[PDB]
Amino acid sequence: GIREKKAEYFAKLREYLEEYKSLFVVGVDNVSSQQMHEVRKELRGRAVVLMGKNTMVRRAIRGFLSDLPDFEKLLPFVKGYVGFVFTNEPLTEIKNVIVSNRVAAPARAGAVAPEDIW
Amino acid sequence: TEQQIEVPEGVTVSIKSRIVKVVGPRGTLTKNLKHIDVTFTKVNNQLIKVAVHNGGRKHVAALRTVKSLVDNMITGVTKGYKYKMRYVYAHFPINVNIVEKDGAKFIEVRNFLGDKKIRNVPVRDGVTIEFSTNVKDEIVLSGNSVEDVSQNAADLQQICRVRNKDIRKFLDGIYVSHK
Amino acid sequence: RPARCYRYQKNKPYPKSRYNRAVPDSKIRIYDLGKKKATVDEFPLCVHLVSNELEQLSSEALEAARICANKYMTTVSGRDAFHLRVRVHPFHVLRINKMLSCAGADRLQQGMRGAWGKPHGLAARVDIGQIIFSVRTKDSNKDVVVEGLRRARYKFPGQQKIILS
Amino acid sequence: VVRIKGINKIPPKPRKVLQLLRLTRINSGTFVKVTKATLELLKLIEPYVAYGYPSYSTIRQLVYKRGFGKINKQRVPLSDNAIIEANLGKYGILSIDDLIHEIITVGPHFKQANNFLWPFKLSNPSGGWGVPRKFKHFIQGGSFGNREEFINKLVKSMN
Amino acid sequence: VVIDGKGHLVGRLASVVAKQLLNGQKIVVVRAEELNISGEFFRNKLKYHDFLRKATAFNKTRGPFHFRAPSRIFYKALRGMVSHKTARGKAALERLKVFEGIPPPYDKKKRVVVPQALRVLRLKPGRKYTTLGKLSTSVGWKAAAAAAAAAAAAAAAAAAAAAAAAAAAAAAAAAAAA
RNA sequence: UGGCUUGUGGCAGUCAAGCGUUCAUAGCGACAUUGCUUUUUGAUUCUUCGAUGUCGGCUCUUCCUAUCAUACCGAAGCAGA
RNA sequence: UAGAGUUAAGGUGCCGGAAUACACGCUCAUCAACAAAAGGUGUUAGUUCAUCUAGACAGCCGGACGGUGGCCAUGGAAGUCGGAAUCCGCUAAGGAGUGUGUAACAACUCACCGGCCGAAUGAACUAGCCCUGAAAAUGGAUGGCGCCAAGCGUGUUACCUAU
RNA sequence: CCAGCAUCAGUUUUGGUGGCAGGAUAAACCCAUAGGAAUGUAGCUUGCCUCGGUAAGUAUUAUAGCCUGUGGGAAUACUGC
């Protein structure tokens, strides 16, 4: 598994996260077909709701450092089948539509502009 | 290399040459445990430690397994394993008596296929074979050992394997369910 | 005579058009196959089935290897990306003795006297360095003749060393 | 020069060049020439007759016990006086050290002119031949070729 | 010279015995069954020198006679070394008789004092190897008490040593207590 | 006659493209070869003229399994059979 | 023609005289004791390279998405026939697809890929010991005893050796 | 009368052990001193996580590679005794 892929992987997430402000970890706690894309269509523009291997993005949020801190206290949110959502489509609009669809199997929480919310 | 295996409060391990004993409330089980060079007679209070100097493919085999079977003997003598089979039959009602009353260290299968005869096998050590609740398909072994417990799966399976008529069509056969 | 007994050669050369009282017919159907066109054009890759030995590859097995590989290379295409050759010919007419018999016979047919191997077969010589089954095949993707050189050396006596050319 | 291989089993190509050595059975060895002539001799009969570079002491013990004439059995054994002086006298070589510094240097005389035999009968080497015998020549580890250092104690046994 | 054939290989004892018998020295070997020949139980099964296929039913009228016992192996084996052919050979054969069991109760050259070789160590060496007192069982070898009992006889010999033995020991002990 | 080779050739491994309903190997197998082997069927005067008398069968004196049937086992494109 | 002095060709576990020696090493199958096409998780070493805390790899655990039955062979073709375009989607992953399944839908699984875990793993290339291919008839019948080193290579040493 | 073999005393020839030396040479079983490059073990201190350890400083506890300069060691292939 080539490191030229993985190096530009965690580096790209840094650039996207420096550009944005807020974070919120998604809870993918067992789905069913159509309910995946029913999340996605309520966002649409520039959000972050794909997936991608956790070990790579574990390195991204650790080796962040925009000012002085990284994404502190983020690791107790992200373990198991989990996700993120950030980038530039407006803030609260992105945030509430995750937990529009995901009220059946709900989503988690995360630090919004980093003020810690749980 | 060398590995470590502990022993809890109400269990006493005692290896003494290759002869091992693990003690528990179900029974106390003996096997042997010693390959080439490897000395497992190193009792460091609680920790019984296997240790060898050499390595190699077939040699590393008897480094791990002597470590494994003392952990498996403590689970055997304390808790007790449950190895799982089922009596299956096609048409004819397969009839079984267990190691209690009639069975004096033997189990029996009669009316296997179309038997007027009987196919008989003994049983091993101190295995308390738990056949049925009221009536069940499942026979389930349990005893003080690990080896001798599921040896009563071997006993029972081989003696009435579907040989003289086909296994494919005729479904009188006591097959294994899972380990 | 299997091709075990069409291996070596104390059969010495004899092959000219002037001095010959007529050869028999051969099996040999076609030389170059797959591509006629591309020798080294489409094919910068080759495998030569280079002899270790100084054998006669008899005309029996010569057609055999070539026709197995002919029938095979129709699935991929009947003119796929290979160029299976025949090179060195049965120039030499293979001399083979018998009907023979000393005493107690039709006319007497000898063997010792009557040393002349009365021309029966045909054989090519495929000596050291030389090959018949030169397979100029393609660079990327479809190389098929590495497989088809098991199928070449089988219908050939001897232990040929596979060299990339 | 020495001799290693036996009397038998010699084709007419070795048989010609063995002729004017005048050498019968095994071990016995003559004193050959050295100019260009030595090359063609130890080219053909290289695996028959071996050679090497001996010292001064190496061919000193040799002409003592194996101290021959041609004609007449030897009265006085071969000292310095037994060559030149003594009762009668031979040619006129002085010591055994003058006899070695005769032949090895340039060789102004052959041994028949000094009134000895044409070859000299030697011995077998004490310490043996063994693996350095028939098997190969010098660069592997053989009897044949130019044994430079090794021919010292070898011929201080064959003496 | 009396030795003991106990707890080592068979051939690397037989060889050592032969050079001792050479002149006419009266070497008796005591125990054959507690030796060890090698081989499998598969290849070394069918064609083996007890009863299975070969050397038992292995005779004519004027012809061979073999064995089906772990006692008779070592007796037949050391005609098969020192033959009856030469005059010293047949003489040297009579100097040797092998015994099953240990009829001498005393300790001669046995375990600690023996010649070289013999007691091979199997570690990296040796998965498969037989034992003569296993191999001969379903060959016609019974009657264990008779031969196997011999061990019981060897025991009573030990006993004779241990006596009086025990006495001189108890004494020897008091000697050093001093 | 015996020896030798296996010529003339038998058997198997097997290159496995074809073709059998789809489908390299239930089966059928273009094209043939490599090792083994000594059976179809013979090449050779090696070893033999003070004997080298034949075939089918009766009768009675062996050993091996390249295996028909009896003990034991497994699989199918075989419903029990 | 004879007794000594020295050694070849070649031997020393034993029949039957001489090391049950010394040093290092793969391997212990009694290898040693014939055999090709053609083939292998025994078992060891060297070289080059994919691969690696920029989270290697396995097992266990998931997301199996919207456009959508993409399009077209064809009687029908359905991701799932043949052949080409080669994406959008949501831009921390799902290709216009790794394998199964029904004429086919109906049904199912997943490389690609996700999530636990946390260190050297894996392709080639080259060499050696092993290992598979190998059937016949009188009593060991590929040694008598038998040997796991008393086999063999490489390096060394001692003893024996032709009139 | 040749070969085997012969009292008793003295000596040669050939090879080795053991002690010693020359040709000719200096590595060693193991040999000085000064300056610069290096980097191993014990002990102490400081920092951080965790109950088990690790990183940094340590020339200021103790010791070394390899080169350069100066100075000092040095029995043996061959050959003889």
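Only the coordinates and a few stated rules stand behind these numbers; no lab work does. Neighbour counts run over all protein chains shown; Cβ positions are idealised from the backbone, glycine included.
So here's what we get for this one:
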item	result
Members of region B:33-49 that are within 14 Å of chain E (Cβ to nearest Cβ) and in a loop (DSSP other than H, G, I, E, B)	B:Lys34, B:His35, B:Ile36, B:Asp37, B:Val38
Where B:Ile167 falls short, out of the listed (1) surrounded by 13 or more Cβ atoms within 10 Å (Cβ to Cβ); (2) farther than 30 Å from B:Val66 by Cβ; (3) touching a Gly at 6+ places or on another chain (Cβ under 8 Å)	(1)
Odd one out for B:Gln3, checked against (1) over 24 Å from the mean Cα position of the chain (by Cα); (2) within 14 Å of chain E (Cβ to nearest Cβ); (3) of a type outside the set (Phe, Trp, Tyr)	(2)
Residue among B:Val99, B:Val146 that alone is in contact (Cβ under 8 Å) with a residue 40 or more places away in the chain, away from RNA strand G (no atom under 16 Å from the Cβ) and of a type in the set (A, V, I, L, M)	B:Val146
Residue in region D:75-90 that is part of a loop (DSSP other than H, G, I, E, B) and either under 22 Å from D:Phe150 (Cα atoms) or within 16 Å of RNA strand G (Cβ to nearest atom) (or both) present	no
Filter pass, C:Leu149 being more than 14 Å from RNA strand G (Cβ to nearest atom) and within 20 Å of C:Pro44 (Cα to Cα)	no
Of all residues in region B:50-71 being farther than 21 Å from E:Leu123 by Cα and surrounded by fewer than 17 Cβ atoms within 10 Å (Cβ to Cβ), the one that is nearest to the other protein chains (Cβ to nearest Cβ)	B:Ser68
Residue among A:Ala105, A:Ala113, A:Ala109, A:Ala60 that alone is touching a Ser or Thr at 6+ places or on another chain (Cβ under 8 Å) and in contact (Cβ under 8 Å) with a residue 24 or more places away in the chain	A:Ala113
Test: residue in region B:17-32 that is touching a residue at least 12 places away in the same chain (Cβ under 8 Å) and within 14 Å of chain E (Cβ to nearest Cβ)	no
When residues of region A:100-115 are limited to those that are surrounded by 12 or more Cβ atoms within 10 Å (Cβ to Cβ) and within 14 Å of the chain's Cα centre (by Cα), the one farthest from A:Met36 (Cα to Cα)	A:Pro114
Scope region C:6-31; condition of a type in the set (A, V, I, L, M, F, W, C) and farther than 26 Å from C:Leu84 by Cα; matching residues	C:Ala22, C:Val23
Among the residues listed as E:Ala146, E:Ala154, E:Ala117, E:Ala77, the single one being within 30 Å of B:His59 (Cα to Cα) and of a type in the set (A, V, I, L, M)	E:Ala117
So C:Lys37, is it in a loop (DSSP other than H, G, I, E, B) and more than 9 Å from RNA strand F (Cβ to nearest atom)	yes
Hits in region B:127-179 - residues which are of a type in the set (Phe, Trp, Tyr) and either within 16 Å of RNA strand H (Cβ to nearest atom) or farther than 29 Å from B:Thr78 by Cβ (or both)	B:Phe170, B:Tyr175
So D:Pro119, is it surrounded by fewer than 17 Cβ atoms within 10 Å (Cβ to Cβ), more than 16 Å from RNA strand H (Cβ to nearest atom) and not aromatic (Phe, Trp, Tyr)	no
